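Asker: Residue numbers (PDB author numbering), protein chains in the order written: chain H, 3 to 144; chain E, 3 to 144; chain G, 3 to 144; chain F, 3 to 144; chain B, 118 to 231, 254 to 478; chain A, 118 to 231, 254 to 478; chain C, 118 to 231, 254 to 478; chain D, 118 to 231, 254 to 478.
What follows is a single structure, and I will ask about it in a moment.
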Ligand SMILES: [Ca+2]
Ligand SMILES: [Ca+2]
Ligand SMILES: [Ca+2]
Ligand SMILES: [Ca+2]
Ligand SMILES: [Ca+2]
Ligand SMILES: [Ca+2]
Ligand SMILES: [Ca+2]
Ligand SMILES: [Ca+2]
Ligand SMILES: [K+]
Ligand SMILES: [K+]
Ligand SMILES: [K+]
Ligand SMILES: [K+]
């Protein structure tokens with residue numbers, strides 16, 4: 003259980019993300035925090051990055067909601083980064099219900115290939131989204 | 003005081019700020035000088051700096067009005083502008099209200115360790131006005 | 003003579019020029035390709051460079067049409083387009099149809115120098131049909 | 003004078019900023035040749051520089067006028083342009099009407115500051131332009 | 118939260134002290150070896166009890182260190198299992214990892230066994268890599284929360300090299316002075332320890348006489364009065380001459396950049412140079428004007444004018460003309476430093 | 118079309134393979150000479166059949182090399198015909214080409230004939268230019284079709300120097316650590332091959348005694364204990380100083396070029412420093428305020444005015460005044476690094 | 118007000134001359150020691166009255182210096198009291214100040230007492268810090284009003300290092316030449332003062348034979364002959380190698396940077412090169428056109444043309460083509476870079 | 118007009134030939150002095166008529182040089198009177214001018230009068268300043284008419300500094316290679332001439348024995364086998380060390396700038412590196428997807444699955460995870476370096 007001699011660090015870390023006295027994390031505050039480290043993202047990208055922590059949909063992040071993202075501390079292993087970046091590379095911008103017909107082409111032409119009948123089992127494993135229309139879902143395997 | 007052999011230096015120093023013939027210095031001269039140096043200050047900052055020195059409010063500073071500023075020589079260890087500068091860090095929304103909660107927090111949470119009474123007596127005393135909303139005038143006892 | 007074990011570099015080069023597969027290699031793709039490397043040209047120059055090879059006149063260069071341009075392989079020291087560059091250097095206004103301007107002086111006073119009476123023999127071919135100057139045409143002998 | 007073997011140099015020097023060879027130089031060509039070197043003076047400054055080259059006032063300069071301007075041709079560092087350059091430091095707002103007090107102040111306060119017989123002697127030999135104004139014309143005696 | 122974070126920080130903290138308890142018990146061995154060798158070089162022989170006790174204290178402090186290393190590696194594997202979802206200790210064993218572990222044990226297992256007592260003692264100056272493991276753990280950049288909060292946006296890596304680069308950048312000069320004055324007393328004991336178990340006497344077998352050769356070899360001078368004879372000195376001279384032919388340029392660059400220039404205070408100096416003699420062209424202008432008036436005054440008046448009074452003023456008039464151009468050159472050149 | 122490209126590719130492949138087959142039969146001729154010389158230097162004499170057999174293998178294997186060079190040049194002329202479109206082999210022979218061909222044959226025709256056996260042996264370290272021809276044909280930059288259409292809009296020439304100045308940029312450091320250690324065993328065999336035909340002993344007649352002189356001459360130290368005597372050593376010690384007084388100034392530049400330390404992490408470091416002790420202005424202000432209040436509370440609100448209890452606080456106030464300015468100076472100075 | 122500023126200026130002026138009267142009576146004590154030592158080194162002995170007189174003048178003139186130092190410090194304290202509102206000779210004595218005041222008297226109190256007469260005489264080359272105190276007082280930057288009304292808008296402090304780093308900038312080269320040629324006759328008298336009390340001869344007891352060692356050690360050459368054999372030379376050589384292995388990397392930068400050119404005087408050169416052979420492409424174009432016409436005129440027009448008159452033109456038509464591209468490459472380079 | 122310019126050009130042309138006729142009759146003296154000294158050293162003595170003839174040809178040919186210098190100065194004065202309106206030979210003789218004229222005559226009027256013959260001979264290597272006067276007259280920049288029109292709007296002065304600073308820039312490297320190899324045979328004859336006049340027979344009495352010392356002193360190596368003994372070699376070694384400890388740092392910059400490329404050439408390389416292996420993100424993604432599908436297909440299906448076939452694929456999955464991040468780091472770094 004966390005104690006009071008190791009919670010001020012997290013409190014001040016949260017304070018860096020909220021200059022004013024409100025307890026709500028705003029997209030404007032993230033915009034101000036960014037654009038000073040070097041990179042300037044689109045406000046749509048800000049919404050995309052900010053809705054990945056929000057749970058109640060209010061558009062603001064509380065300290066308990068921010069702590070579950072602070073939990074993944076500095077080790078840079080596994081996590082939900084690669085499992086989404088691989089899909090983003092494979093898919094297109096806003097692909098959503100991708101055709102997935104070229105899945106065999108992507109698996110064979112690029113990188114090591116599997117058996118011709120092996121990809122049929124992988125294709126048949128996407129029955130969650132009806133028939134076809136492969137999305138970021140069905141990734142509950144990992 | 004100093005004879006005419008030590009007044010030409012001050013005369014040319016004064017003429018440095020005032021290019022034109024008239025012995026009146028205004029916002030334009032300070033703006034030109036400070037922009038030539040390199041910094042880019044707000045016009046309101048220039049108005050505040052001008053209002054700091056003038057004693058009649060005419061908006062122009064004369065040579066007798068400038069001798070009191072020129073009296074501030076190099077004198078590295080000085081105790082005139084530092085007391086004024088060590089107030090913006092505790093400015094209360096520009097007005098400089100300096101509320102009791104803000105003052106107590108500033109005196110206790112950060113700085114030098116002291117007892118609760120030894121850190122709250124000044125706030126309890128309030129020897130500036132006594133009505134509340136302490137302005138910048140509390141430094142009169144100096 | 004070509005074989006499938008070696009026809010992949012041309013295909014990947016074509017994919018490099020044409021991002022998406024739709025059969026169009028028009029100004030849109032070449033503009034981005036050139037601007038990626040710098041040296042931003044005028045769109046009129048893009049049209050001039052894109053009509054340098056064409057058979058149907060549609061403004062689209064197909065893979066068979068692109069292969070005759072890819073045939074200009076290494077050992078760049080050749081006799082192709084150097085004549086075009088020389089004519090562009092020695093071009094006047096928009097067509098250079100003037101009566102030789104100072105061609106006699108150029109032939110008899112530049113480099114190794116030529117004969118004074120040889121200018122008439124050189125201009126004897128002319129435009130053949132009497133249409134000003136060669137205009138980069140009538141260069142079958144050249 | 004110099005034979006034709008020493009006139010092609012001057013001809014090509016004239017053609018350097020003549021370009022089209024229309025026989026007349028315009029402020030457009032002067033701007034084209036001047037902005038290339040880096041300096042960007044006002045077109046009014048171009049008119050001022052082009053005024054003191056011709057006597058007809060046609061606004062264009064022929065070859066003889068350019069030749070008599072170039073007659074300096076190095077090692078001509080004398081009272082030709084310095085005598086005029088050492089006049090803007092005491093120019094009466096570009097009007098050529100310097101007051102006697104201003105002239106006396108410039109002679110006495112700044113410079114050698116000669117004796118009274120040589121400083122107050124500005125009234126001597128000041129009978130040139132006895133109307134009251136002192137323009138650039140009195141340098142004819144020099 | 119409970120088994121999330123919390124326990125993780127606790128395991129990290131209990132791992133941290135294992136790399137710190139292996140520094141005392143690693144430097145104690147080196148200290149005892151140095152003391153024992155320096156005492157035995159000209160004193161009690163092997164039969165004395167000192168050569169039996171001080172040569173077993175090292176053999177014990179070299180067993181405790183390799184006892185601690187295994188536990189530290191076990192804690193690292195436990196952190197790997199906690200951080201990355203797994204429940205087997207065989208998953209996290211790659212060829213590289215096991216090779217590095219065996220190499221570490223081999224390097225830390227060298228110690229004289231209670254002649255060859257110098258051969259097995261020279262390579263004990265290899266436990267000096269533990270300072271890196273101590274330093275990468277005793278740093279707030281790698282041990283904080285605000286650091287990771289503001290550094291996760293840019294996916295940088297906090298290796299054992301990023302900390303070193305930051306320490307070089309923010310505190311230069313001193314990190315080179317310590318490195319260049321803590322290497323003399325490591326590479327100058329080695330030369331005498333190598334030449335004393337061999338052809339003796341000379342002058343390299345005397346401390347403060349072997350700090351002269353290393354100081355004139357580190358520095359690229361060389362004299363030739365003292366040259367090593369055995370292969371140990373002949374091999375360490377060009378290893379102290381390589382690290383020192385590219386370490387005397389970094390410090391020179393730092394000296395050149397340190398307090399020999401500034402950025403925001405040069406504007407004041409430029410303004411001062413502008414208001415100085417570069418704006419005293421009025422002097423030359425007045426000189427020219429008064430000279431050209433006086434020439435006319437004394438050539439067209441005063442009855443008959445002597446040639447000397449005219450030619451003196453005319454010569455000084457030609458003197459006072461190029462001075463104006465010379466000052467105007469600097470006046471125009473000063474504007475090139477304001478870009 | 119297809120034929121006009123496939124035929125050219127086939128000719129290119131043949132040219133490449135002939136160029137590659139001349140490296141084995143050129144580097145086999147520099148091994149047998151070394152083995153034969155360093156064997157005969159104190160072993161089986163000329164009467165032994167070895168001194169004839171091994172000296173005949175080199176003179177035999179030097180025939181295949183200059184038989185291959187002519188055919189490779191013939192393939193080059195054929196490719197010139199194909200690319201340009203001429204029907205005469207007399208046309209494509211400029212003075213420069215015919216001079217270079219005979220120069221190449223002369224350089225590659227030097228070999229000992231089955254004393255002068257060192258004079259005709261030292262210049263055989265000249266067939267090392269064939270590495271350039273081998274390397275410029277195995278590079279995908281010069282051998283591809285993707286990097287020939289987009290690489291032609293800039294009319295860049297892919298000669299034998301562009302590849303070298305690209306392999307000096309994308310893989311630096313290693314191209315110097317190979318060049319600095321493949322030249323020692325070329326310029327240290329030469330010294331002992333030159334100082335044995337005329338002189339003898341002189342310390343520098345052993346390989347490990349001649350890799351010391353070159354190492355302290357390459358490095359700009361110089362000692363003076365061993366210096367060459369013949370002109371061969373006295374010239375190679377200078378050709379190893381010229382190449383090496385400007386090669387140690389490149390590796391230092393390369394190793395210091397890592398002072399850039401990226402640009403996406405210096406922003407994070409600057410943010411860390413901004414949130415660090417450069418935000419103790421609050422602490423300094425609190426100190427100033429409390430030390431101002433205490434003086435009044437101690438002198439006016441006390442029955443007895445104690446000098447020792449007021450001057451202490453006042454001098455500490457003077458101490459606290461300048462800390463605020465000293466920290467605001469760094470606060471202002473940190474901003475220009477963000478410009 | 119007027120009285121305050123005038124009194125402050127008067128106090129400053131009467132404080133200025135104390136550090137100037139402490140320079141004459143400090144540099145007079147370094148001349149008499151040199152004269153007395155280099156006279157007694159082979160002349161009138163201790164029994165002579167000279168060794169009692171000239172050794173007493175120094176011990177007398179060392180009283181005035183430490184008498185003036187106290188008064189100068191008292192003037193500084195008076196200025197501090199006038200500046201900061203306080204009426205007490207105490208308070209202003211901070212812990213650092215009371216130590217820096219005593220260190221100066223300790224350093225300036227060293228003098229031979231009327254062998255150890257060299258031990259107590261070598262460290263008298265420490266009163267050379269007074270030059271800095273004089274120079275920071277005889278600078279118009281620190282003593283004016285324009286560069287205090289306009290120099291305070293950037294909050295810059297005119298300490299004793301800003302003046303030095305400004306003199307190094309506005310007058311470089313000379314500040315290094317004076318420093319590097321006024322140190323030889325300070326570090327070459329020390330060597331012969333150290334090597335005569337213990338050793339003798341060795342051509343290191345002659346001044347012109349000791350300005351050779353420092354010159355070939357400062358430059359980092361070293362020869363091997365004439366090397367010091369005592370602990371004083373063996374240390375001063377190192378202290379003149381360190382200061383000199385990083386002082387020859389600054390003057391080289393200055394000589395390479397000494398105003399090669401600027402934009403104003405390079406735009407003209409760029410225009411010159413643009414109008415020069417970078418614009419003779421007309422020559423190559425005319426060559427190509429004349430050649431391609433002559434080919435036809437000599438092939439078709441001739442009733443029976445020969446090969447020697449048709450390929451002679453072609454083999455230089457191939458020469459006249461790549462020249463155009465070779466000049467256009469330079470044209471593109473000039474038009475792209477060095478604008 | 119035409120006359121006012123044609124006459125000036127006529128005087129310029131008839132003046133430029135005097136500084137050219139003063140070069141042959143200046144270098145002929147040096148050649149004859151060298152030949153006469155080298156002949157007299159060990160051959161026909163003073164009694165031979167050669168020592169009276171060749172020592173008189175120099176004394177005769179030194180008359181024409183100082184006769185031509187006066188006429189050249191007269192032409193300069195005539196030009197200075199033509200261009201500026203004045204008619205007097207007394208005006209324009211400033212203090213500097215007459216001093217420079219007498220200094221020139223003094224320097225150019227030293228020759229061995231027909254021992255002291257080596258004292259009065261080594262300062263004859265001072266007529267080498269005439270090369271500058273010839274070069275500033277045979278330059279198109281200072282003599283053409285295309286300049287002075289584009290070169291006058293920038294007020295640039297065409298003195299003897301601008302030509303040198305342009306020749307150092309447009310043709311670097313060669314201006315140092317013809318300066319560092321034309322100084323050896325000037326500074327190595329001087330040492331020989333200085334040490335053959337002191338009855339010395341050291342090793343450095345042969346030319347090839349004195350081109351070794353200068354080559355290992357110019358180069359900052361030093362051995363100590365041969366060191367000069369007189370006060371001439373001691374000092375010319377110093378003046379060849381000073382000029383040469385700051386001349387080897389100027390050619391390294393040039394070679395480093397030549398071992399690089401331009402932006403229009405690096406754009407293609409950046410594009411190639413972008414399209415190269417840094418596009419294996421697709422490969423890594425396919426590898427990760429294949430591995431994560433095999434894990435499920437192997438552990439859930441096929442009756443009962445052994446642990447080995449699961450842990451192998453999971454370990455390879457952990458291997459494949461971090462390659463994607465490692466290549467994304469290079470992607471970001473390349474994007475940052477692209478601008
Ligand atoms: Ca908020
Ligand atoms: Ca929420
Ligand atoms: Ca005004
Ligand atoms: Ca006022
Ligand atoms: Ca397309
Ligand atoms: Ca088409
Ligand atoms: Ca025109
Ligand atoms: Ca006109
Ligand atoms: K060196
Ligand atoms: K050296
Ligand atoms: K040496
Ligand atoms: K040596």
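Cβ coordinates follow ideal geometry from the N, Cα and C atoms, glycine included.
1. Measuring only between beta-carbons, confirm whether residue 406 of chain B sits less than 9 Å from chain E.
2. With 9 Å set as the bound, which would you pick, yes or no: does the beta-carbon of residue 417 of chain A sit closer than that to a beta-carbon of chain H?
3. What does residue 268 of chain B touch in chain F if you count any residue whose Cβ is under 9 Å from its own?
4. Does the beta carbon of residue 469 of chain B sit closer than 9 Å to a beta carbon anywhere in chain C?
5. Pick out the complete alpha helix (DSSP H) segments inside the stretch 312 to 377 of chain D, 4 residues or longer, and give them in chain order.
6. When you measure from the CB of residue 409 of chain D to every non-hydrogen atom of ligand 2, does any distance come out below 8 Å?
7. Would you say residue 359 of chain B lies against chain A (beta-carbon separation less than 9 Å)?
8. Check each residue's C-beta against every heavy atom of ligand 10 and list, in chain order, those closer than 7 Å.
9. For the stretch 195 to 216 of chain B, which residues have a CB atom closer than 9 Å to at least one CB atom of chain D, in sequence order?
10. Can you check whether the C-beta of residue 403 of chain A is within less than 9 Å of a C-beta belonging to chain H?
11. Along the chain, where does the alpha helix (DSSP H) containing residue 66 of chain F start, and where does it finish?
12. Heavy atom of ligand 12 less than 8 Å from the Cβ of residue 363 of chain D, yes or no?
Answerer: Short version:
1. As a first step, residue 406 of chain B must be located in the fifth chain, where it is residue number 267. Output row for residue 406 of chain B: interface = yes.
2. Looking up residue 417 of chain A in the sixth chain gives position 278. False, the Cβ-Cβ gap to chain H never drops below 9 Å.
3. In the fifth chain, residue 268 of chain B corresponds to position 129, counting from 1. Neighbours of residue 268 of chain B on chain F: none; closest Cβ ~57 Å, over 9 Å.
4. Position 330 of the fifth chain, counted from the first residue, corresponds to residue 469 of chain B. Judged by the 9 Å Cβ criterion, residue 469 of chain B is not in contact with chain C.
5. 313 to 316, 323 to 326, 328 to 334, 346 to 349, 352 to 357
6. Counting from one through the eighth chain, the residue named residue 409 of chain D turns up at place 270. It does not: the Cβ of residue 409 of chain D is nowhere closer than 8 Å to a heavy atom of ligand 2.
7. The count along the fifth chain starts at 1 and reaches residue 359 of chain B at position 220. Judged by the 9 Å Cβ criterion, residue 359 of chain B is in contact with chain A.
8. B/359, B/360, B/361, A/359, A/360, A/361, C/359, C/360, C/361, D/359, D/360, D/361
9. 201, 203, 205, 207, 208, 209, 210, 211
10. Residue numbering aside, residue 403 of chain A sits at position 264 when the sixth chain is read from its first letter. True, the Cβ-Cβ gap to chain H drops below 9 Å.
11. Locating residue 66 of chain F in the fourth chain gives position 64, counting from the first residue. Its alpha helix (DSSP H) spans residues 65 to 72.
12. Within the eighth chain, the letter at position 224 stands for residue 363 of chain D. Within the cutoff, so yes.
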